[PDB]
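Structure, as structure tokens:
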Amino acid sequence: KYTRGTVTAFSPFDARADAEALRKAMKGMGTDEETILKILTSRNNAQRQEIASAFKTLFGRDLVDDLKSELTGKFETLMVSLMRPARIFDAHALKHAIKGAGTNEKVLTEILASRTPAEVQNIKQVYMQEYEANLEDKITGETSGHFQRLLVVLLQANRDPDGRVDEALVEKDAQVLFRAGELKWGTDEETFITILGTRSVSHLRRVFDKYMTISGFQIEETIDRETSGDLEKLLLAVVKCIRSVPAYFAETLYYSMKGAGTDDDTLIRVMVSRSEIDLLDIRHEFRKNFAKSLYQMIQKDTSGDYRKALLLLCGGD
Ligand SMILES: [Zn+2]
Ligand SMILES: [Zn+2]
């Protein structure tokens with residue numbers, strides 16, 4: 001339900017003033033990252049668009065082009081993302097994820113498993129308007145099997161809305177799932193895809209709790225964390241998001257920095273795409289579910305301008 005983001009409109013807003021600052025910072029002989037990141041992070045997406053607008057109206061130049069022309073590395077990637085209109089992010093994220101050789105079966109999961117129905121019907125529309133193609137097809141072209149079917153079920157954005165309680169059905173679903181969730185999720189997929197894919201959230205939250213009574217343990221148990229295939233990966237992403245989306249992203253952020261190296265891509269995708277929706281909740285979850293500070297982690301795992309930004313989007317100290 002209701003959640004807080006980390007980025008909220010800036011006041012007193014002045015696109016033009018902001019536009020010249022960025023220009024001044026980028027123009028001339030040197031590049032003043034400090035100012036740029038202090039501006040893009042404290043200004044929300046709807047404001048970066050206006051800033052971008054003023055920027056051109058005053059200089060005949062293209063703000064985003066100009067940013068890509070002066071910035072580099074991750075700080076560049078971060079900065080350019082926070083600028084990407086909030087309306088095409090997923091569509092664009094999805095395009096560069098199904099484009100060319102090698103398919104990001106993970107970005108497809110994250111997005112299609114976390115976005116809302118309104119948000120998804122939007123993705124589909126954007127993808128056509130901007131790229132002039134069909135997300136479904138472009139999806140069914142790089143996907144196959146039950147994985148694809150589940151991916152497609154989600155794409156429809158027709159999950160059953162929340163409502164009264166059908167105790168009968170909750171027992172039915174729990175059981176039905178359980179059997180197939182003991183067969184290592186390989187026997188009769190069509191049916192658990194239907195249940196996990198379309199039932200209301202309030203309903204599934206409930207099937208989860210009963211299935212806990214039928215098997216003696218949670219459902220995320222049956223599915224191997226890292227191992228398994230894209231389906232299990234998606235089955236697991238669906239369940240996580242039904243329970244608590246913020247919990248889902250805090251876990252994704254956790255694994256993004258834990259271990260060998262750091263999956264900066266995801267870190268950048270998560271931190272941005274959530275900045276104005278639930279990042280402030282994700283932050284609270286992280287701690288509660290990991291006995292560790294999300295901020296301090298980003299703090300101790302990155303550096304430079306790249307870091308200064310992130311830590312702000314993270315909510316500062
Ligand atoms: Zn691109
Ligand atoms: Zn708390």
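Chain identifiers are assigned as A, B, and so on, following the order in which chains appear in the structure tokens; residues are numbered from 1 within each chain, and ligands are numbered from 1 in order of appearance.
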
What residues have any atom no more than 8 Å from ligand 1 when counting only C-alpha atoms and all ligand atoms, and can you list them as a PyMOL selection string? chain A and resi 92-93+95-96

Using DSSP on the backbone, list every residue of region 91-304 of chain A that comes out as helix (DSSP H, G or I), and give them as a ChimeraX atom specification. /A:91-98,105-114,117-131,135-140,146-155,167-180,189-198,201-215,219-221,230-257,264-273,279-290,294-301,304

Using only C-alpha atoms and all ligand atoms for the distances, tell me which of A:265, A:317, A:232, A:285 is nearest to ligand 2. A:285

Return as CSV the residues of chain A lying at most 12 Å from ligand 2, together with the closest atom-to-atom pair for each and the distance in Å to one decimal, counting only C-alpha atoms and all ligand atoms, with rows in chain order and ascending residue number.
```
residue,atom,partner,partner_atom_place_in_ligand_line,distance
A:280,CA,ligand 2,1 (Zn),11.7
A:281,CA,ligand 2,1 (Zn),9.5
A:282,CA,ligand 2,1 (Zn),11.1
A:283,CA,ligand 2,1 (Zn),10.1
A:284,CA,ligand 2,1 (Zn),6.3
A:285,CA,ligand 2,1 (Zn),7.5
A:286,CA,ligand 2,1 (Zn),10.0
A:287,CA,ligand 2,1 (Zn),8.3
A:288,CA,ligand 2,1 (Zn),6.3
A:289,CA,ligand 2,1 (Zn),9.8
A:291,CA,ligand 2,1 (Zn),11.3
```

Writing out the chosen residues with N, CA, C and O atoms as a compact mmCIF listing (two decimals), in the first residue's frame:
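Listing of selection.txt after writing:
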```txt
# COMPACT_ATOMS: atom_id res chain seq x y z
N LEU A 280 12.37 5.09 -0.11
CA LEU A 280 12.50 5.43 1.30
C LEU A 280 12.01 4.28 2.21
O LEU A 280 12.41 4.19 3.36
N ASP A 281 11.15 3.42 1.66
CA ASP A 281 10.61 2.25 2.37
C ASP A 281 11.58 1.08 2.20
O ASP A 281 11.80 0.27 3.11
N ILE A 282 12.14 1.00 1.00
CA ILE A 282 13.11 -0.02 0.64
C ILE A 282 14.25 0.15 1.62
O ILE A 282 14.78 -0.82 2.16
N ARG A 283 14.63 1.40 1.85
CA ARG A 283 15.73 1.67 2.76
C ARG A 283 15.42 1.11 4.15
O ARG A 283 16.26 0.43 4.74
N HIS A 284 14.22 1.38 4.65
CA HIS A 284 13.79 0.92 5.97
C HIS A 284 13.72 -0.60 6.04
O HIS A 284 14.01 -1.19 7.08
N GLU A 285 13.32 -1.22 4.94
CA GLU A 285 13.22 -2.67 4.88
C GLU A 285 14.59 -3.27 4.96
O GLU A 285 14.83 -4.15 5.77
N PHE A 286 15.48 -2.77 4.10
CA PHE A 286 16.84 -3.26 4.02
C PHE A 286 17.36 -3.52 5.41
O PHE A 286 17.63 -4.66 5.78
N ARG A 287 17.47 -2.45 6.19
CA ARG A 287 17.94 -2.54 7.56
C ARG A 287 17.21 -3.61 8.35
O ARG A 287 17.82 -4.55 8.86
N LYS A 288 15.89 -3.47 8.45
CA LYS A 288 15.07 -4.42 9.19
C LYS A 288 15.27 -5.88 8.81
O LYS A 288 15.21 -6.76 9.66
N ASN A 289 15.52 -6.13 7.53
CA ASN A 289 15.68 -7.50 7.08
C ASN A 289 17.12 -7.96 6.85
O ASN A 289 17.35 -9.12 6.50
N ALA A 291 19.87 -6.39 9.02
CA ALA A 291 20.70 -5.97 10.14
C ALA A 291 21.86 -5.18 9.57
O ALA A 291 23.01 -5.43 9.93
```

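The shortest atom-to-atom distance to residue 159 (chain A), with only C-alpha atoms taken into account, belongs to A:194 out of A:15, A:33, A:194, A:228.
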
Need the shell around region 107-112 of chain A: protein/DNA/RNA residues with any atom at most 6 Å away, counting only C-alpha atoms. Skip same-chain ones fewer than 3 positions apart. Format as number ranges by chain? A: 104, 115, 234

Could you tell me which of A:127, A:290, A:306, A:192 comes closest to residue 71 (chain A) if we count only C-alpha atoms?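 Looking only at the distances to residue 71 (chain A), the closest residue turns out to be A:306.
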
Need to verify the contact set: residue 13 (chain A), 12 Å, only C-alpha atoms, exclusion of same-chain residues closer than 3 positions in sequence. Can you return it as a ChimeraX atom specification? /A:8-10,16-19,39,42-44,46-48,50-51

Next, write the just-selected residues to a file, as a PDB file, in the first residue's frame, keeping N, CA, C and O atoms as the atom set.
```pdb
ATOM      1  N   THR A   8      11.479  14.036  -3.804  1.00  0.00           N
ATOM      2  CA  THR A   8      10.213  14.759  -3.833  1.00  0.00           C
ATOM      3  C   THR A   8      10.495  16.127  -4.440  1.00  0.00           C
ATOM      4  O   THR A   8      11.613  16.634  -4.314  1.00  0.00           O
ATOM      5  N   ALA A   9       9.498  16.720  -5.096  1.00  0.00           N
ATOM      6  CA  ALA A   9       9.674  18.027  -5.735  1.00  0.00           C
ATOM      7  C   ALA A   9      10.573  18.971  -4.937  1.00  0.00           C
ATOM      8  O   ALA A   9      10.616  18.930  -3.708  1.00  0.00           O
ATOM      9  N   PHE A  10      11.295  19.823  -5.646  1.00  0.00           N
ATOM     10  CA  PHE A  10      12.191  20.757  -5.001  1.00  0.00           C
ATOM     11  C   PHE A  10      11.580  22.139  -4.974  1.00  0.00           C
ATOM     12  O   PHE A  10      10.965  22.567  -5.943  1.00  0.00           O
ATOM     13  N   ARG A  16      14.884  27.541 -15.149  1.00  0.00           N
ATOM     14  CA  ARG A  16      15.858  28.412 -15.787  1.00  0.00           C
ATOM     15  C   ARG A  16      17.132  28.598 -14.968  1.00  0.00           C
ATOM     16  O   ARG A  16      18.238  28.470 -15.501  1.00  0.00           O
ATOM     17  N   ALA A  17      16.983  28.907 -13.682  1.00  0.00           N
ATOM     18  CA  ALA A  17      18.140  29.111 -12.817  1.00  0.00           C
ATOM     19  C   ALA A  17      18.949  27.830 -12.810  1.00  0.00           C
ATOM     20  O   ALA A  17      20.173  27.856 -12.961  1.00  0.00           O
ATOM     21  N   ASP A  18      18.247  26.713 -12.643  1.00  0.00           N
ATOM     22  CA  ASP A  18      18.862  25.394 -12.625  1.00  0.00           C
ATOM     23  C   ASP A  18      19.548  25.129 -13.972  1.00  0.00           C
ATOM     24  O   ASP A  18      20.686  24.657 -14.025  1.00  0.00           O
ATOM     25  N   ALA A  19      18.848  25.448 -15.058  1.00  0.00           N
ATOM     26  CA  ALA A  19      19.366  25.248 -16.413  1.00  0.00           C
ATOM     27  C   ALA A  19      20.699  25.960 -16.662  1.00  0.00           C
ATOM     28  O   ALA A  19      21.605  25.389 -17.265  1.00  0.00           O
ATOM     29  N   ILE A  39      22.029  18.935  -8.124  1.00  0.00           N
ATOM     30  CA  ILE A  39      20.819  19.433  -8.758  1.00  0.00           C
ATOM     31  C   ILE A  39      19.900  18.309  -9.206  1.00  0.00           C
ATOM     32  O   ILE A  39      18.711  18.316  -8.883  1.00  0.00           O
ATOM     33  N   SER A  42      18.314  16.422  -6.052  1.00  0.00           N
ATOM     34  CA  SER A  42      17.338  17.142  -5.229  1.00  0.00           C
ATOM     35  C   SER A  42      16.132  17.639  -6.030  1.00  0.00           C
ATOM     36  O   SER A  42      15.227  18.265  -5.478  1.00  0.00           O
ATOM     37  N   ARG A  43      16.148  17.376  -7.334  1.00  0.00           N
ATOM     38  CA  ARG A  43      15.062  17.738  -8.240  1.00  0.00           C
ATOM     39  C   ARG A  43      14.497  16.417  -8.751  1.00  0.00           C
ATOM     40  O   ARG A  43      15.260  15.522  -9.156  1.00  0.00           O
ATOM     41  N   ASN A  44      13.171  16.286  -8.731  1.00  0.00           N
ATOM     42  CA  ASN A  44      12.539  15.051  -9.176  1.00  0.00           C
ATOM     43  C   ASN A  44      12.526  14.925 -10.692  1.00  0.00           C
ATOM     44  O   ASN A  44      12.978  15.820 -11.407  1.00  0.00           O
ATOM     45  N   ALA A  46       9.995  14.979 -12.910  1.00  0.00           N
ATOM     46  CA  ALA A  46       9.166  15.972 -13.582  1.00  0.00           C
ATOM     47  C   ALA A  46       9.863  17.306 -13.667  1.00  0.00           C
ATOM     48  O   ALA A  46       9.547  18.109 -14.535  1.00  0.00           O
ATOM     49  N   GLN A  47      10.805  17.549 -12.766  1.00  0.00           N
ATOM     50  CA  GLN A  47      11.518  18.817 -12.764  1.00  0.00           C
ATOM     51  C   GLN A  47      12.743  18.797 -13.664  1.00  0.00           C
ATOM     52  O   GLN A  47      13.106  19.822 -14.258  1.00  0.00           O
ATOM     53  N   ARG A  48      13.367  17.630 -13.785  1.00  0.00           N
ATOM     54  CA  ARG A  48      14.545  17.504 -14.635  1.00  0.00           C
ATOM     55  C   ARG A  48      14.114  17.730 -16.084  1.00  0.00           C
ATOM     56  O   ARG A  48      14.872  18.274 -16.890  1.00  0.00           O
ATOM     57  N   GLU A  50      11.630  19.714 -17.095  1.00  0.00           N
ATOM     58  CA  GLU A  50      11.428  21.135 -17.288  1.00  0.00           C
ATOM     59  C   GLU A  50      12.770  21.840 -17.353  1.00  0.00           C
ATOM     60  O   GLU A  50      12.967  22.761 -18.148  1.00  0.00           O
ATOM     61  N   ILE A  51      13.688  21.415 -16.492  1.00  0.00           N
ATOM     62  CA  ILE A  51      15.016  21.997 -16.478  1.00  0.00           C
ATOM     63  C   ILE A  51      15.575  21.781 -17.865  1.00  0.00           C
ATOM     64  O   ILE A  51      16.098  22.697 -18.489  1.00  0.00           O
TER      65      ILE A  51
END
```

Please determine, counting only C-alpha atoms, which residue among A:25, A:126, A:196, A:310 has the shortest atom-to-atom distance to residue 90 (chain A). A:126

Find the residue from A:12, A:73, A:141, A:102 that sits nearest to residue 303 (chain A); use only C-alpha atoms when measuring. A:73

What does the distance between CA of residue 242 (chain A) and CA of residue 201 (chain A) come to in Å, to one decimal place?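 Those two atoms sit 5.9 Å apart.
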
Which residues are close to residue 1 (chain A), i.e. within 12 Å by only C-alpha atoms, leaving aside same-chain residues fewer than 4 positions away? Reply as a list in words.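 Final neighbour list, sorted by chain and number: residues 116, 162, 201, 202, 241, 242, 243, 244, 245, 246, 277, 278 and 281 of chain A.
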
What separates CA of residue 301 (chain A) and CA of residue 261 (chain A) is a distance of 8.7 Å

Find the residues around residue 297 (chain A) up to 10 Å (only C-alpha atoms counted), leave out those fewer than 2 positions away in its own chain, and share them as a list in words. residues 253, 254, 257, 258, 292, 293, 294, 295, 299, 300, 301, 302 and 311 of chain A

Considering only C-alpha atoms, can you say which of A:82, A:223, A:26, A:180 comes closest to residue 69 (chain A)? A:26

Interatomic distance, CA of residue 315 (chain A) to CA of residue 87 (chain A) (Å, one decimal): 23.0 Å
